[PDB]
Each structure stands twice: as C-alpha cells, then as structure tokens.
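Heads up, what comes next is one protein chain in two forms, each shown on its own as structure tokens, labelled structure 1 and structure 2.
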Structure 1
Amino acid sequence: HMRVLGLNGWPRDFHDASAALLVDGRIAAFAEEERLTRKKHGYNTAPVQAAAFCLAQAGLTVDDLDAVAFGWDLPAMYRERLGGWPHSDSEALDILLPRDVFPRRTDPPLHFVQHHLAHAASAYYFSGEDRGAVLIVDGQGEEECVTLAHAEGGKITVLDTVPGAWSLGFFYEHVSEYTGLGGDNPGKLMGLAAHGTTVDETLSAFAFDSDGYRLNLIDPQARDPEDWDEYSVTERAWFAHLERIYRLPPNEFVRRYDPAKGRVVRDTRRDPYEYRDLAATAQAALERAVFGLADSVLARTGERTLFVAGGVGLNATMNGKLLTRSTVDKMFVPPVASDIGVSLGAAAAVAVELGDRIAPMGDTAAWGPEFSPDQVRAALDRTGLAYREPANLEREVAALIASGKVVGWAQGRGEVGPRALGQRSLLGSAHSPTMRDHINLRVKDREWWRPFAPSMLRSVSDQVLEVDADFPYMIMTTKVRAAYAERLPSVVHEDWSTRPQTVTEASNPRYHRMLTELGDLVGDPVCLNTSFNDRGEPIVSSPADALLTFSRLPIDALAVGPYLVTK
C-alpha cells in the first residue's frame, strides 16, 4: 500500500487548515480543522486535529506513512519573502505534526507541493476525466493568482500564470469588505449580486479581452516588501479606487455594547444591501474576466473539458455560466476548490509521483468523521433529552419536511468543503413559499436576501433544471425550468438560479431514500438543504455539536444517526 498524508495549515498567517489521507489512491479520510476545533476558517494553525482524525480513521500512525505532503512551496515562500527557510524537514514536521499528538520512530519523507499545482491536482486527479484544461484562480499562491495549465496523461503542465497584484480573488474579497459584508464572506457578495444591477462591468478598472483581462489600476509586478503576499497592496488600491468611482464610500464596521446581548457586538454603519449594485457589477466583472481565461486555456490546450480550482472556484454562479459556455463540454470543480483542497491535492500529486493511480472522487464529499449508534446515544444521554429510534427514519423525516418542519440531519461521515450535502444538513420544504424567510429570519439568523439551495434525486434533475448533468457538490448554479421555478420557491434565487445537489442511491442511500419518500408526499423528491449550523458558525461535526445547535436554534427535529429528537 501507498499511504500519503496531505496537509494544509501553518501557524504563520494561514487559513483553511485541513488534512487528507490517500491509501492506494483512495481517500481514506479527509477533514477541515475548523470542524473539529469549532474555530471558523482554521486560521494560523497546523491541521493537528484534522490529521489526528485521518490517522485514527485509517488505524495508522505517522510511521505507517510513505510520505507527508504540504500544499504550498513553503520553503520557497520563506526564501523569497522572509529572508530564508530556517527548518530542517524534521523541524518542519515537528510543527506540522507535533510529537505530543503524533509520536513517530522516524521522519516520513516530507514533500512541499507548489500551491497552484496542489489546487490543480485536487481537480484533475479526482475528476474521472483523463485530460483537460486547467484553470486555477484564487487569492494568491506563492507568487501567482492565476495558473493556466494542461492536464493530460497524468501530468499537469503550466502554460501561463498571472502575478498576484492582479488577483481576482483579492479584488472580490476587497469589494466584499468594502460593502460591509466582510472580506471573509465573499459568498455573501455572490448572493447579493442578483439583487442588483450592473451598468459598467469594467468598474473603470478592468479592461477585458478574449484571453482574460487587464488591470491598469495596479502595477502587475507590484510586490509588498513588508509582507509575503500582495493582499495589503491590492486592498489599498481597490479601496482607493472604489471610493473614487462608486457613489458610496466604504461601509464601516461598528462595535457597540448591545444591552440585549450583554456584550459588544460588531455591526455595519450602512446596510450592505445598499451596495447591491456594486455587488452585481463586481460579479459581472469577475465572470467576464474568468470567461476570457477559460476560453483561452481551452483553446490553447485543444480541450473541451475544464478543470477549475482555487478559492474563486467557489463562485458557483460563475461556474454555472462557464458550464453553459459554447467552449465548454464538460466541467469538474472539486468540492474542495479553496485551500481546504490543497492538502488532498498535495497528497495526490505525491501519490502519483510515487506510482499510484488516483480514484475518482465519486459524487461524494463524505470523508470526515462518523459516529456509531452507541457514540450518538452517549451524546444523547449526556443531555437528558427524550428521543426515539423510528422504525423508518427516512419516512418520518420526509413527513416532517412535507409538513413545513425544519429537520436537522446528521448522518454518516461529515462533508468536507463548505457545503452540507446530506451528512450535516438542515432540511426544509422546497415547496414552501415561507420556508426561505423562516430559515433566514427565525432559524439561522441571516440576511433576508440570501437564497437557499435544493437537494434532489438525480433521476428527476433533468425535468427540474435547465441542464442535465450530475451536480454532486452544490458548486454550480443553473436555471430552474419555468415549470418548477414556481413549484420550488424556497430554493430559487432572485434570477431564477439555483445551486443544486443531485443525489444518487450509491452516493447516499439514506438521503436518497428520504428524498424518495418525500417525493411520494409533495410530488417532487426535492428538499431545501442548508448547512446544519447557526449562520456564521462552522458546520456541526459531532453528535454533541449537532445537539448544541439543535438546542440553541428553533429547529423542529433532529435525526442524528438512527435516532429522532423533537422539540
């Protein structure tokens, strides 16, 4: 067997710590640090808990590993931006895998994988396609913010890159910050965009061309001498520019004691909804730029299959329009397009180099921890809530959903990536014209303008959606057929878009069975599926997490493992 532990996360200015374990090219385990620590975004940390879980899941120690792989060329970043890489592999391993958690007889081989290559590997090798065009777009790797590459014959060959100062990721983040939604919530900006109108998609900053874009607002070779990426340089340029060209100045954050909460809370001076037009315009600019890049690399490679990864790959709206594009026949974007995925991608790049073949991801992201009935019952008993073990859990949950109840659903291995996919989900009626406001305003406490997304049987997705293909990850939007756009109001957006999950019996028998039962009740085997967490907080992982959230929020029922708890 070849066993490779991929890692992301480092104590110095880092985010999205995660760990993935490949055994013979198959994913044995994969988790995000934030889900285990309950600290959102897994900032500034080696993936200690995620990696400990991976080893425990596979019954392994560090001594059983053929290699440890890290998803950045860290040594090169230290040499370039911080005056040298001070660590021996052994010292680096003591940081990535502290010995108090990871005892070891000796050091496994340590590999650093260039950041965009790791992103690329997480898309290509797990796609089930043997070749295609690679588009990597994020905030910034070691230097570049975009990579165009060719994936073929098991190799990934870089064709071109874009310098960090021209980052589409930084741009989008800075606009997000500017609106008051926050740089850490670009997904909110994506949601806001449909409520607004675009007049000038250049923002007087971008020039567009058939191969991508230009930003004469910033010297493309600008480098921050005081930091190790161009985040701060771009932030200043964008904030100055936006305040100059947009009718509203930056939205400011307000911190004030709230006597009803008994604590200082953070709010915004203006309602971010006010900036909806800027959101629409920023979204259109992003799409325009990426369409160019995508057309370019597809043409240069002679491929019609497109692989996308990097954080900008989380832009499901952009992905859905790329899919629709005349230059694209097939598209694969992994659930872990952000830095969450470079642990997996580093592991894959190394496993391939070591002679393994990588299995397709397979329409599932369920690789985190799962809990047996006994473990769940122990968390249940801890709380002293009454509960049942229904003879047919799936039927009862479907009936609860049909009646307009919101149901927590914590089953099997936790999802990796930012979307709940029927493992750690909050479920509600797709057919209810009030469910959307109820979950936003009452349950998860979100902005009224934020849309929800549906799960549905793959077997009916052709009838429901304007595109007939697998959508296993909720990472692409598409249009709902007019025949259903009115039947499924809670899971449709301002522009008749939806961000669906298609479910196969193979991928998730239980969820599949629940949806089937639901279809017998409401006509369509479709439900609202939002992630099981208070708005803002990390998706719940453990039975105790789920119970804490079930009890803090006005959720009607919780199906956790084989048990059902009702308020």
Structure 2
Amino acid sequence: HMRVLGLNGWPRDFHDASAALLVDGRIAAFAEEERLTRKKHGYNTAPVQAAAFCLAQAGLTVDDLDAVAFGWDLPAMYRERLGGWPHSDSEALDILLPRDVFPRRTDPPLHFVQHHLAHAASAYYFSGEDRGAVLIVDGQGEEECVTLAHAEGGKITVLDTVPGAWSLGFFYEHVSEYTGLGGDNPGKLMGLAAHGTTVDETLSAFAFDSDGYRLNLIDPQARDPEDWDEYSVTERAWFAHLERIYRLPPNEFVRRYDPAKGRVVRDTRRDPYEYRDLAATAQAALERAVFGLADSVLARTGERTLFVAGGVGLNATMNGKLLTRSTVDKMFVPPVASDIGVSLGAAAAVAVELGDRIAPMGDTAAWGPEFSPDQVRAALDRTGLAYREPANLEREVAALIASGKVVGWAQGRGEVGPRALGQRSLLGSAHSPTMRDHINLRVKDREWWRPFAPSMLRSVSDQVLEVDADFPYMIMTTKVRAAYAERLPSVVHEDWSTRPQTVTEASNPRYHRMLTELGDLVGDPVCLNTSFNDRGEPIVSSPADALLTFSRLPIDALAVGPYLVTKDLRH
C-alpha cells in the first residue's frame, strides 16, 4: 500500500493548518490543527498536532510514509513574492514535521502541490464520480482566485483561471469585515443575507456575463509589492468602494474593559443586522458571478456533473442554487472545500501519481480522534461529576430531545470541516418553535438571526426533501416537501429551504439508531444538529473539551461515549 501524509499550514502568515493520511487511497486519519490546539483557524503553524495524531492513529512513523505532500506550491510563492526559496527538502521537512515530534531515519519524498490542484483533487477524487467539470472558487492560491478545470480519466486539466485581485472569496470576506461580522466569519454573512433585500447586485462594481464576471473596481493584474497575496490591496479597494456606494460606513470594532467579565472584550460599534441589505446584495453578487463560472466550465467540458471546492464552496446557499440550475445534474462538494482540505487534496494528487486509486468519501467526515470508554471515564473521573451508563443511551437521548432538552453528543471519530455531523454536536428538537431562540440566545448567547439545520435519516429524506439524494455534509441547501413545510420550524426556513444532513446506518450507526428512536416519538426521525462549542472556541474534540463546554453552557445533558451526564440541579 502507498501511505501519503498531506499537510497544510506553515509558520509564516498561513491559516487552516491540517493533516490527512491516505493509506491505499483510503482516509486513515484527518484532523484540523485548531481542534487539537483549541486555537481557532490554525494560524501561523505547521500542522504539528494534526500530523502527530494522523501517524498515531495509523500506527505509523514518518519512516513508514511513501511521501509527504503540501497543499501549496510554497517554493513558487517564495520565489515570486519573497525573493527566493531558501530551504532544502530536508530543511522544509524540519519545519513541517519538527524532529522533536517526528523522529525519522531518512527524509520521505516531499511534494509541493499547486494550491488549486489540491482543492480540485479534494473534490474530484473523493466524489465517487469518474468525470465532471471542476470549479475552484477561493480567496487566493499562489496567484489565481478561480480555476476552471476538466476532471476525467483520473486526470485534472486546467481550462482557465482568474487573477487574485478579482477574488470573490476576498470580496465576500471584506464585506463580512465591513459589516462587523469579521472577515474570519463569512458564514455569518451568508446567514445575515437571508434577512436582507437586494437592491442592485452589481454593487456598482461587478459586471456579469454568461461566463462569469468582471470587476471594474480594481486592475485584475494588481499585485501587492509588499506581500505575497492580494488581500490587503483588495481590502483597500473594497472598503473605499463600499463606503462610497453604501449608506453606512464600515462598522468599527470596539475594545473596552467589561467589569462583568473582568477583561477587555471586543464588540462592534453598530449592530451588524443593520447591514443586512449589504449582506443580501453581496450574497446575490457572489451567486450571480459563480452561476456564470459554473455554466461556463460545464459548457466548455460538456459535463453535467459539477465539482466545487475552494473556500467559497462552503457557501451552502449558493450551492443549493447551483444544484437547481438547468445546466447541473449532479454536484459534489467535499466537507473540506476550504483550505483545510488541501492537505487531503495534496495527499490524493500524490497518491494518484504513485498509482493508487482513491476511494470515495462515502457520506461521512468522521476521520478525527475517537476515545474509548476507559478514556472518556478518565476525563469524567477528573471532574468529580456524577454520571450514568444507560442501558440504551440512544433511546434516552431521543427522549430528552423529544421533550425539548438540548443534548451534547460526543461520539466516535471527530468530524472534519466546520459543520457538526453527529460526532461532536449539540442536538435539539427540529419540531419546536422555541428551540431556535433557546439555543441562539440562552445556550450560545449569540445572534438571534442565526439559522439552524437538521439531521435526518437518509431512509426518510425522499419524503422530507424535494430531491432524492445524499446530503451528507450540510453543505448544500434544498427545499422540504409540502408535508414538512410547517412541522420542522427550528430547522426549515419560511421559504421551505433547509440545509440538511442525511444519515445512513453505515455512516454512523449510533446517530442513526438515536434518530430512529426519536422518529418513534415525534413522528419524524429528524433533529436540530448544531456545533458543539460556542462562538469563542473550535468544535470540541476530546472528552475533556466536551465536559469543559458542557459545564459552561446551560445544556441539559451530555452523551459522551457510553456515558450520560445531566446538569447538576441540586442546590
């Protein structure tokens, strides 16, 4: 078997560090650095913890690897932007895989994979489809912000690219920053957009055409002479433009000592909800641009299957509108469409070059660490909390959810990507018309306007959803059928749209059993499934992380491995 370790993350100005290990084309392990370090977004680091976990999980050392692959062409970026690539392969490996954590006798072959090739590999090779059009829409790779390519016969061939100064991902991050949501939280902008109305989707900046878009605000060949990407140049141009054309100036961040918290805390000067029409208009602009790019690559390649990756591929609202287009029959977007996926993509590209066949992802993203009952018990015994070991944990959790309680669920291998998918989730009733406000305001103390989404059995999804297909990742919106347009108020929008996870018995037996039991109580085997964290931390990974979060949030119960902990309500 070939064993290839893919990596993302570097100590200089990088984000989304992660590591993925392919063994004979199968995902043996995959983790994001932030989940193990507890530092959101995996900034400015090699993926030391994630790679250490992957090797441990597989029972390997670096000497057992056939290759190490990195999801950017770093030598090219250093040569073009920083005056030269100074590292031998051995020196680069010492930075990526420091010897104090990764002892080795010799160096594995090191491969640098062009960033958009890594994104494209993370979609195509794991899709279960033998051919299709590839659309990569990113912030920026080494140079380009968009790649259109043709995936066929195991090969990916580039058709066209768009230069970085025209980035749709940077545009959307800059609007998110302008509204006060923050450029690091573009998912919040997508949720805010649902509450606004679009006036003029060009924003007096875009011109749209049947193949995509033009941006008249900035020279497409603009390059920052003092940086290695175009983010600061695009930021300056977009902030100036938005202040000219939109009725509100930028929201500002405010840092003030809060005596209730005993710390300086960051807030915004205005409520970001005031910018909802800008959010709606930016989302409409993004959608129209991407519809053109998607139509273009499908038409050029003669395909009707669309593979999307790059960070903009996390835009589930946009993805759902692509799926319904007359030009698209099938679509695949991996849960790791953002830069966290280029570790996996780089490993895949290299594994394919080495002659392996890559297995489909298969309706799960559960590749991170898991913990045995003894390991969970060790973490529980640290807290001193009382707990139970239910004879039928799934049936008890279903009854708690049916009654309107919120249950933390930490089971099996951690899912990868930004969405909880029944491995590290907070669960609540899909049928309750008060549950959305309860979890947004009482549990998470976040914005009232944030949406929630459901998990449901794949075996009922053809009845619940208008499309009979797998939706394993909560990465694509669709509509419910009439019979469910009012029954599921916490997880279905007024317009009947929803962003589902379908669950198969093979994908997640425990979660499947719990939803089955819940269906016997509330009629539909469907629940609300949100991230097990709050706004200030990554999704929990270890049993100790789950207990720490459980203890600070007014959650009713925690099902962690085979154990059930309930809030200590004795005065």
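In this text, the rigid core denotes the largest set of C-alpha atoms whose superposition between the two forms falls within 1.5 Å. One-based numbering along structure 1's sequence throughout.
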{"item": "Residue from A482, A391, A240, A260 whose Cα, after superposing the rigid core, lies 2 Å or more away between structure 1 and structure 2", "value": "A482"}
{"item": "Large Cα move at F208 between structure 1 and structure 2, threshold 2 Å, rigid core", "value": "no"}
{"item": "Core-superposed comparison between structure 1 and structure 2, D94 Cα displacement 2 Å or beyond", "value": "no"}
{"item": "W496 C-alpha shift between structure 1 and structure 2 of 2 Å or more, rigid core reference", "value": "yes"}
{"item": "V460 CA shift between structure 1 and structure 2 in angstrom, with the core used for superposition", "value": "1.2"}
{"item": "Angstrom displacement of the CA atom of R535 between structure 1 and structure 2, core fixed", "value": "2.2"}
